[PDB]
Each structure stands twice: as C-alpha cells, then as structure tokens.
Amino acid sequence: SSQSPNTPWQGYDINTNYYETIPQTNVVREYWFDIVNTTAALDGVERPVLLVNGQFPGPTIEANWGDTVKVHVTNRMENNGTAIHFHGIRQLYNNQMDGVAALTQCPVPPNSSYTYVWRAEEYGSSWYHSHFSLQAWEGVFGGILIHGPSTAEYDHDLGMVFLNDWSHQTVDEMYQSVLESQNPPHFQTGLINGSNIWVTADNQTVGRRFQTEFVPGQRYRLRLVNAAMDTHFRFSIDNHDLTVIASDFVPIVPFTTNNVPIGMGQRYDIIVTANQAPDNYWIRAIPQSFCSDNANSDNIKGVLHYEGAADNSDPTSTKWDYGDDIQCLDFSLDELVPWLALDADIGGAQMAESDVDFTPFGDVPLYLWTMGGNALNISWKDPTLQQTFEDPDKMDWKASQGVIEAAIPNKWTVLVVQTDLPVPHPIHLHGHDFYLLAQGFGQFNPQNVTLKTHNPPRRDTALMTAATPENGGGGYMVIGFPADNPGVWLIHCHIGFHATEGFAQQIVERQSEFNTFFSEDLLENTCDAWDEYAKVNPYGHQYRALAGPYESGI
Ligand SMILES: *[C@@H]1O[C@H](CO)[C@@H](O[C@@H]2O[C@H](CO)[C@@H](O)[C@H](O)[C@H]2NC(C)=O)[C@H](O)[C@H]1NC(C)=O
Ligand SMILES: [O-][O-]
Ligand SMILES: [Cu+2]
Ligand SMILES: [Cu+2]
Ligand SMILES: [Cu+2]
C-alpha cells in the first residue's frame, strides 16, 4: 500500500505487470449507449450521422484501472445492425464481449440490446467504436479513458483528442464508388475532436474550430486517437514540444518530439507544457499524402488559446519544420520503449506470413483487398463462435474464413504481414498487445531481417509500412504474441473500407478452451433477434456478391 498512495490503484504502480496483475476496486462503471440515426453539422454543413447518444465524439467511457465496465447498447436505428468493440481492451477469457459481428456475436438489430461487460485490465487511452460494416465512420465511436500510473507528471488531463477525416457525403454513400475504383478514397476535410470550420463555395466560413485553453506554466495531457476512415496524420502544435508517454495502452519511456505521426486505430498520450509566449497557436492534424487523399490537408486545424492571448483572433503561428508530410510512418522501434520491459520469447514460435494484395473480382469489377490470400468472406448470421459451439472440434475452415490457428496455450505466433504494393496499412490485432519485432520497406528478407526481441514496442495497432513507387514499393511488419487468451480474434487493416472489402483474418486461439468464456444464451438471444430483423428488413441481409456493396462480415 506504499505504492501510488491516495489513488484508486494504491498498492500498484508504473512497474506493475498489468498483464498478470490487476487492482481490485469492486467498482462497476455502468454506461447506457443508444445508437441513433440523426444529423449533425460538425463543420457547419448538415449531413446524416449515426451516433452514440446524439454526440460526436460519443461519450467517454471513464474508469479506473481494475474497474469493471458494463455498457448497455441499444440499437435505435432502422436500417443497420450494430456491435460495439472496445479497441485495445484485452478481453482476457472474455472473447464474447469483444463486439465483432460475424466472430463473437450476431449484429444487434434495431429495438434490441446487448450488454457488454469487461475488466479494465490495462490503463491509458483508447476508444470504442462500432464493428459493424462502415458504421464506426458514420460517427459511432467515442473515448475510453482508464486512469492509472503515468511515466511523466502533468497538471491537467484534457481527455480525448480525436482526429478524423470527413466529407459531406457519408462513407456509406461513397462505398460503391470505392469498391469500383483502383484509386484510394478522397475526403474533403477533417475534424479535431468533432469540430472544424468549412469554407463554402462562396468563400463564407461556417462551423467552428476546435479550441483548447492553456494557463502559462501548466502541463496538459492530451490523449490523441486517430479515428479517421482513410487518413494517416501528423499531429503538431506550433511552437510547442510534445512529450510522448504512452503508445496505445502501453506506457513508454517518455521522449520529446515536435510532431506525432499517428495511424488509424493508434493512440498516443502526450504532455504539452504551456511554456510559450501567451498567444494563439495552430494545432495541426496533417494528412500524410503518400497514403491519404484530402482536399484540405492544410486546413484541418484547431486553436490553442493561452489565457493572455487575443480573443476572437486566429493564430498566425508557423508549422514546425519537421520535413515533409508525404510518407506514412510510425515512430521507430527504438523510439518506443515500453516502461514495463518484456521480451518477445519467440523460441519455438509458430511462423506465419500474410500477404496483402488488391485484386479485381467479378464482372464489374470490384477491387477488393485480400490478406493471407483471400478477401475475408464470413457471415453476420453464422458467427465463428456459433460454428465452434455447434462443432467444438471443427477443422473444416473455408479459405474465405481466413483462419490462423493458435491452438497451444502460451505458444508464440510470429506473423509477417507483407505487401509488394506502394500502399501502407495500419494493422490491428484484437485480444492482445502484440510485440512489434520489425517494420520496413521493400522485400521481406527471411535471412537478413533482424527481429527485435529485447523489449520491443508493444501495442495493438502498427503500420505495415510501404515504399513509394519511385523506391520500388512494398513493405512489411512482423509481430509476435503468445497464445494467452482463448477466443476468436480479428486481425485486420484498420482502414474501414479495406476491412469491409476483405482485408482481415481471424486468429482461432485455443479452440479447445472456448468453454472458459462461451455463453450459448448470450450468442443465441441476439442471433435470434437478428434473424427476425432479417425477415422483415432488407438491410438485415448481408450483401456478399460482386455487383453491389460487398460486405466481408466484420
Ligand atoms: C473531446 O471530446 C470529448 C467527448 O466530448 C471530451 O470528453 C470529456 O473529457 C473530459 C476529460 O476527460 C471529461 O471530464 C468529460 O466527462 C468528457 N465528456 C464527455 C465524454 O462527454 C473531451 O474533453 C474533448 N477534448 C478536449 C481536449 O476538449
Ligand atoms: O478497432 O477494430
Ligand atoms: Cu480492436
Ligand atoms: Cu488497408
Ligand atoms: Cu477490429
């Protein structure tokens, strides 16, 4: 009880192994989420959105390390199912609460509910979002903020800072055109924590920029989350240094930088000290042009307003000269050093490789992303956990199910995700923080690659980097994780369009121990409701063909 005195995690600290030890708080944080169909004018232009409780971003789930969180999700829409995923939450022996349509549950139909219950067995910053088709990017997402230890001190916690791309047509409206094109999706603008201005065709300014206020001398924590559909950002604040203290849910040895490159699904916790002359400073979220197509890359900005700065007055500050805003990169392996030091014990690991390609299918054609040789093609109404309940020793996986088996308790898997294309992708794994062993450009060399096993970066989302066409294209990333968590775990590109097109596989982990978590009633109650919806509403039927809005299932 000498550690972290007068905190909810008294008896534990920054050195506690949070994979093995959790504070007991006895506390349950209970949330009620209505998923609603509405409109909003987040940058001053009205359009349809799907929201949690009428808010964008959705309300923050806030808890202390070791709490239990209970989220009652009710579907108040007409024409979508829903499922809510808690990104980066380990869900240890709790796979059926992971919120993945077609894996861990059927979708929740309109007028039905699902109660997610999970343990805060990590601390730091993340987010929840729909894991049903493109719905997260219609606005169904919000923060997860779990208080706990930190690797540097500060005075004020500003909470979540979401980074989003945005357009005035919806992602669902765009989807058919995306499917039928070899060009990446184009977005018109972006939002910082759900706000921006917009310049109209007649040069009027509508909307309002994100703004935050600093007291000179004070230190502020910002919890950055990239929730964009198809944009890799560099975040910066003119004239201010940023001290990075965590990557995803893993506290790291702090380091200071002038910008944070942040991929879709990733989080970084930063501390900013108000040590500049009192003034207004631009906060910038800049799409990286190699892998983002945005009409307004230089106008996704907010305002840092010091007390002492002019009111009603935009910044005139200059961007940090950190180089170009072209490549889509992570912090390097040597920059991200987990504070809790753990080695990747990959002796005796199972080795796998999943290639990434983009291929035409059918007569239109539709251009689909494939991972490990197949575009994922699975079933909302027949989720993987139903298949294994019906047949506990099932071995007859279809190619289109994209299965990677990890049957042996605690045995490591080393997975190489590779591509020949000049296109990078943020790779996210459910149910695990993976160990990031390598990340590179060009061809993967099985002889020459060095794997970092000595306290490598550890997180839940990392880029498969790729070279530009002039440098030959292609790239790879290599991850390691032990089979410490029975369940069916999605591994996929965190670009929504890509995952829905097929860029996803499923890790079937310790299949013989699904009894540790599985509830037939929790599965079938929702599946039965979903079937009743599908009878009366065409949106209840999954489009799985090649002349319409193909849905991979996730
Ligand atoms: C970004 O938007 C979120 C969601 O509205 C804001 O969340 C608040 O965060 C603070 C600090 O953790 C909490 O006190 C509030 O309860 C949250 N409100 C919610 C979730 O409705 C967040 O403050 C915004 N970020 C900034 C920097 O303004
Ligand atoms: O995050 O999926
Ligand atoms: Cu996830
Ligand atoms: Cu992708
Ligand atoms: Cu996911």
# chains A, B, ... in the order shown; residues from 1 in each chain; ligands from 1
call {"tool": "select_by_dssp", "arguments": {"residues": "stretch 287-478 of chain A", "states": "helix (DSSP H, G or I)", "output": "number ranges by chain"}}
result
A: 384-390, 399-401, 469-471
call {"tool": "write_last_selection", "arguments": {"atoms": "N, CA and C atoms", "output": "PDB file, in the first residue's frame"}}
result
ATOM      1  N   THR A 384     -18.370 -17.047 -36.056  1.00  0.00           N
ATOM      2  CA  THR A 384     -17.416 -18.112 -35.749  1.00  0.00           C
ATOM      3  C   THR A 384     -17.712 -18.835 -34.425  1.00  0.00           C
ATOM      4  N   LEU A 385     -18.052 -18.082 -33.373  1.00  0.00           N
ATOM      5  CA  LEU A 385     -18.366 -18.717 -32.085  1.00  0.00           C
ATOM      6  C   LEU A 385     -19.605 -19.640 -32.134  1.00  0.00           C
ATOM      7  N   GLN A 386     -20.554 -19.352 -33.019  1.00  0.00           N
ATOM      8  CA  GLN A 386     -21.681 -20.274 -33.240  1.00  0.00           C
ATOM      9  C   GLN A 386     -21.187 -21.545 -33.923  1.00  0.00           C
ATOM     10  N   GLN A 387     -20.277 -21.376 -34.874  1.00  0.00           N
ATOM     11  CA  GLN A 387     -19.747 -22.528 -35.615  1.00  0.00           C
ATOM     12  C   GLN A 387     -18.991 -23.499 -34.716  1.00  0.00           C
ATOM     13  N   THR A 388     -18.211 -22.952 -33.788  1.00  0.00           N
ATOM     14  CA  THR A 388     -17.471 -23.752 -32.819  1.00  0.00           C
ATOM     15  C   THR A 388     -18.356 -24.278 -31.674  1.00  0.00           C
ATOM     16  N   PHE A 389     -19.445 -23.587 -31.350  1.00  0.00           N
ATOM     17  CA  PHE A 389     -20.398 -24.151 -30.396  1.00  0.00           C
ATOM     18  C   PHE A 389     -21.074 -25.405 -30.983  1.00  0.00           C
ATOM     19  N   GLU A 390     -21.488 -25.309 -32.244  1.00  0.00           N
ATOM     20  CA  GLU A 390     -22.146 -26.418 -32.951  1.00  0.00           C
ATOM     21  C   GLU A 390     -21.202 -27.607 -33.179  1.00  0.00           C
ATOM     22  N   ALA A 399     -11.409 -21.388 -46.954  1.00  0.00           N
ATOM     23  CA  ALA A 399     -10.388 -20.424 -47.359  1.00  0.00           C
ATOM     24  C   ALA A 399     -10.844 -18.996 -47.035  1.00  0.00           C
ATOM     25  N   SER A 400     -12.103 -18.717 -47.370  1.00  0.00           N
ATOM     26  CA  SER A 400     -12.719 -17.385 -47.196  1.00  0.00           C
ATOM     27  C   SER A 400     -12.908 -16.967 -45.721  1.00  0.00           C
ATOM     28  N   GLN A 401     -12.693 -17.889 -44.782  1.00  0.00           N
ATOM     29  CA  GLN A 401     -12.760 -17.548 -43.345  1.00  0.00           C
ATOM     30  C   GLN A 401     -11.453 -16.983 -42.810  1.00  0.00           C
ATOM     31  N   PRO A 469       6.407   4.364 -54.987  1.00  0.00           N
ATOM     32  CA  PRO A 469       6.656   3.745 -56.302  1.00  0.00           C
ATOM     33  C   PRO A 469       8.064   4.012 -56.850  1.00  0.00           C
ATOM     34  N   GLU A 470       8.598   5.213 -56.616  1.00  0.00           N
ATOM     35  CA  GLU A 470       9.949   5.572 -57.095  1.00  0.00           C
ATOM     36  C   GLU A 470      11.037   4.755 -56.404  1.00  0.00           C
ATOM     37  N   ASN A 471      10.743   4.278 -55.197  1.00  0.00           N
ATOM     38  CA  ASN A 471      11.687   3.443 -54.454  1.00  0.00           C
ATOM     39  C   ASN A 471      11.375   1.946 -54.529  1.00  0.00           C
TER      40      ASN A 471
END
call {"tool": "residues_near_ligand", "arguments": {"ligand": "ligand 5", "cutoff": "12 Å", "atoms": "only C-alpha atoms and all ligand atoms", "output": "ChimeraX atom specification"}}
result
/A:83-89,98-104,127-134,136,264-266,426-432,460-461,488-496,498-500,503-506,553-554
call {"tool": "residues_around", "arguments": {"residues": "stretch 109-121 of chain A", "least_positions_apart": "5", "cutoff": "6 Å", "atoms": "only C-alpha atoms", "output": "list in words"}}
result
residues 22, 65, 66, 67, 68, 69, 70, 71, 72, 73, 74, 75, 76, 77, 78, 81, 97 and 530 of chain A
call {"tool": "write_last_selection", "arguments": {"atoms": "N, CA and C atoms", "output": "JSON list (two decimals), in the first residue's frame"}}
result
[["chain", "number", "residue", "atom", "x", "y", "z"],
["A", 22, "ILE", "N", -3.95, -7.10, -11.60],
["A", 22, "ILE", "CA", -4.99, -6.06, -11.78],
["A", 22, "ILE", "C", -5.41, -5.56, -10.40],
["A", 65, "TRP", "N", -8.18, 1.93, -13.40],
["A", 65, "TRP", "CA", -7.52, 0.65, -13.59],
["A", 65, "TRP", "C", -8.07, -0.38, -12.61],
["A", 66, "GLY", "N", -8.55, -1.51, -13.15],
["A", 66, "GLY", "CA", -9.14, -2.58, -12.33],
["A", 66, "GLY", "C", -10.66, -2.57, -12.17],
["A", 67, "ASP", "N", -11.30, -1.46, -12.52],
["A", 67, "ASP", "CA", -12.77, -1.41, -12.51],
["A", 67, "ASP", "C", -13.35, -2.42, -13.48],
["A", 68, "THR", "N", -14.62, -2.74, -13.29],
["A", 68, "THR", "CA", -15.42, -3.42, -14.30],
["A", 68, "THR", "C", -16.24, -2.36, -15.03],
["A", 69, "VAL", "N", -16.37, -2.53, -16.34],
["A", 69, "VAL", "CA", -17.20, -1.62, -17.14],
["A", 69, "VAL", "C", -18.35, -2.41, -17.74],
["A", 70, "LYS", "N", -19.56, -1.88, -17.62],
["A", 70, "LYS", "CA", -20.76, -2.51, -18.17],
["A", 70, "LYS", "C", -21.41, -1.49, -19.10],
["A", 71, "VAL", "N", -21.58, -1.87, -20.36],
["A", 71, "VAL", "CA", -22.14, -0.97, -21.35],
["A", 71, "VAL", "C", -23.38, -1.61, -21.97],
["A", 72, "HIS", "N", -24.54, -1.00, -21.70],
["A", 72, "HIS", "CA", -25.81, -1.44, -22.28],
["A", 72, "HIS", "C", -25.96, -0.74, -23.62],
["A", 73, "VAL", "N", -25.89, -1.49, -24.70],
["A", 73, "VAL", "CA", -26.02, -0.92, -26.04],
["A", 73, "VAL", "C", -27.40, -1.22, -26.59],
["A", 74, "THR", "N", -28.15, -0.18, -26.95],
["A", 74, "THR", "CA", -29.46, -0.36, -27.55],
["A", 74, "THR", "C", -29.47, 0.25, -28.96],
["A", 75, "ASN", "N", -29.92, -0.53, -29.94],
["A", 75, "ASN", "CA", -29.95, -0.09, -31.33],
["A", 75, "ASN", "C", -31.24, 0.67, -31.62],
["A", 76, "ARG", "N", -31.12, 1.98, -31.82],
["A", 76, "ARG", "CA", -32.29, 2.85, -32.06],
["A", 76, "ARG", "C", -32.39, 3.26, -33.52],
["A", 77, "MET", "N", -31.61, 2.60, -34.38],
["A", 77, "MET", "CA", -31.62, 2.91, -35.81],
["A", 77, "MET", "C", -32.75, 2.10, -36.49],
["A", 78, "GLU", "N", -32.95, 2.28, -37.78],
["A", 78, "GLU", "CA", -33.93, 1.47, -38.52],
["A", 78, "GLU", "C", -33.27, 0.45, -39.45],
["A", 81, "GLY", "N", -27.81, -3.04, -38.33],
["A", 81, "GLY", "CA", -27.48, -3.68, -37.06],
["A", 81, "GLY", "C", -26.35, -2.92, -36.38],
["A", 97, "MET", "N", -17.32, -10.74, -25.42],
["A", 97, "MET", "CA", -17.64, -9.33, -25.20],
["A", 97, "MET", "C", -16.84, -8.41, -26.13],
["A", 530, "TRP", "N", -31.68, -11.04, -34.49],
["A", 530, "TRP", "CA", -31.14, -10.62, -35.78],
["A", 530, "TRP", "C", -31.87, -11.31, -36.94]]
call {"tool": "closest_residue", "arguments": {"among": "A:153, A:298, A:382, A:248", "to": "ligand 2", "atoms": "only C-alpha atoms and all ligand atoms"}}
result
A:248
call {"tool": "residues_around", "arguments": {"residues": "stretch 444-453 of chain A", "least_positions_apart": "6", "cutoff": "10 Å", "atoms": "only C-alpha atoms", "output": "ChimeraX atom specification"}}
result
/A:333-334,342-346,416-420,435-438,474-480
call {"tool": "residues_near_ligand", "arguments": {"ligand": "ligand 1", "cutoff": "8 Å", "atoms": "only C-alpha atoms and all ligand atoms", "output": "list in words"}}
result
residues 55, 56, 57, 58, 59, 60, 61, 62, 142, 143, 145, 157, 158, 159, 160, 161, 162, 193, 194, 210, 211, 212 and 222 of chain A
call {"tool": "closest_residue", "arguments": {"among": "A:107, A:348, A:216, A:124", "to": "residue A:410", "atoms": "only C-alpha atoms"}}
result
A:348
call {"tool": "closest_residue", "arguments": {"among": "A:321, A:522, A:90, A:550", "to": "ligand 3", "atoms": "only C-alpha atoms and all ligand atoms"}}
result
A:90
call {"tool": "atom_distance", "arguments": {"atom1": "atom CA of residue A:548", "atom2": "atom CA of residue A:189"}}
result
26.7 Å
call {"tool": "atom_distance", "arguments": {"atom1": "atom CA of residue A:375", "atom2": "atom CA of residue A:360"}}
result
10.9 Å
call {"tool": "atom_distance", "arguments": {"atom1": "atom CA of residue A:246", "atom2": "atom CA of residue A:483"}}
result
24.2 Å
call {"tool": "residues_around", "arguments": {"residues": "residue A:374", "least_positions_apart": "2", "cutoff": "7 Å", "atoms": "only C-alpha atoms", "output": "list in words"}}
result
residues 370, 371, 372, 376, 399, 400 and 402 of chain A
call {"tool": "write_last_selection", "arguments": {"atoms": "N, CA and C atoms", "output": "PDB file, in the first residue's frame"}}
result
ATOM      1  N   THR A 370      -7.133  -8.292 -50.155  1.00  0.00           N
ATOM      2  CA  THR A 370      -7.000  -9.667 -49.698  1.00  0.00           C
ATOM      3  C   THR A 370      -5.840  -9.712 -48.720  1.00  0.00           C
ATOM      4  N   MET A 371      -5.988 -10.516 -47.672  1.00  0.00           N
ATOM      5  CA  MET A 371      -4.976 -10.659 -46.639  1.00  0.00           C
ATOM      6  C   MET A 371      -4.723 -12.145 -46.420  1.00  0.00           C
ATOM      7  N   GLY A 372      -3.494 -12.594 -46.636  1.00  0.00           N
ATOM      8  CA  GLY A 372      -3.218 -14.033 -46.489  1.00  0.00           C
ATOM      9  C   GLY A 372      -3.829 -14.879 -47.607  1.00  0.00           C
ATOM     10  N   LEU A 376     -11.613 -11.745 -46.902  1.00  0.00           N
ATOM     11  CA  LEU A 376     -12.474 -12.329 -45.905  1.00  0.00           C
ATOM     12  C   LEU A 376     -13.928 -12.298 -46.392  1.00  0.00           C
ATOM     13  N   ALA A 399     -11.409 -21.388 -46.954  1.00  0.00           N
ATOM     14  CA  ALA A 399     -10.388 -20.424 -47.359  1.00  0.00           C
ATOM     15  C   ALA A 399     -10.844 -18.996 -47.035  1.00  0.00           C
ATOM     16  N   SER A 400     -12.103 -18.717 -47.370  1.00  0.00           N
ATOM     17  CA  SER A 400     -12.719 -17.385 -47.196  1.00  0.00           C
ATOM     18  C   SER A 400     -12.908 -16.967 -45.721  1.00  0.00           C
ATOM     19  N   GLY A 402     -10.392 -17.115 -43.594  1.00  0.00           N
ATOM     20  CA  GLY A 402      -9.116 -16.503 -43.258  1.00  0.00           C
ATOM     21  C   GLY A 402      -8.559 -16.882 -41.898  1.00  0.00           C
TER      22      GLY A 402
END
call {"tool": "residues_around", "arguments": {"residues": "stretch 11-18 of chain A", "least_positions_apart": "3", "cutoff": "8 Å", "atoms": "only C-alpha atoms", "output": "list in words"}}
result
residues 1, 2, 3, 4, 5, 21, 22, 23, 121, 122, 149, 150, 151, 339 and 340 of chain A
call {"tool": "closest_residue", "arguments": {"among": "A:335, A:433, A:172, A:311", "to": "ligand 3", "atoms": "only C-alpha atoms and all ligand atoms"}}
result
A:433
call {"tool": "closest_residue", "arguments": {"among": "A:497, A:320, A:19, A:233", "to": "residue A:173", "atoms": "only C-alpha atoms"}}
result
A:497
call {"tool": "closest_residue", "arguments": {"among": "A:325, A:513, A:501, A:330", "to": "residue A:377", "atoms": "only C-alpha atoms"}}
result
A:501
call {"tool": "select_by_dssp", "arguments": {"residues": "stretch 93-250 of chain A", "states": "strand (DSSP E)", "output": "ChimeraX atom specification"}}
result
/A:113-119,124-130,141-147,156-166,189-192,197-199,205-207,211-214,219-226,233-237,242-247,250
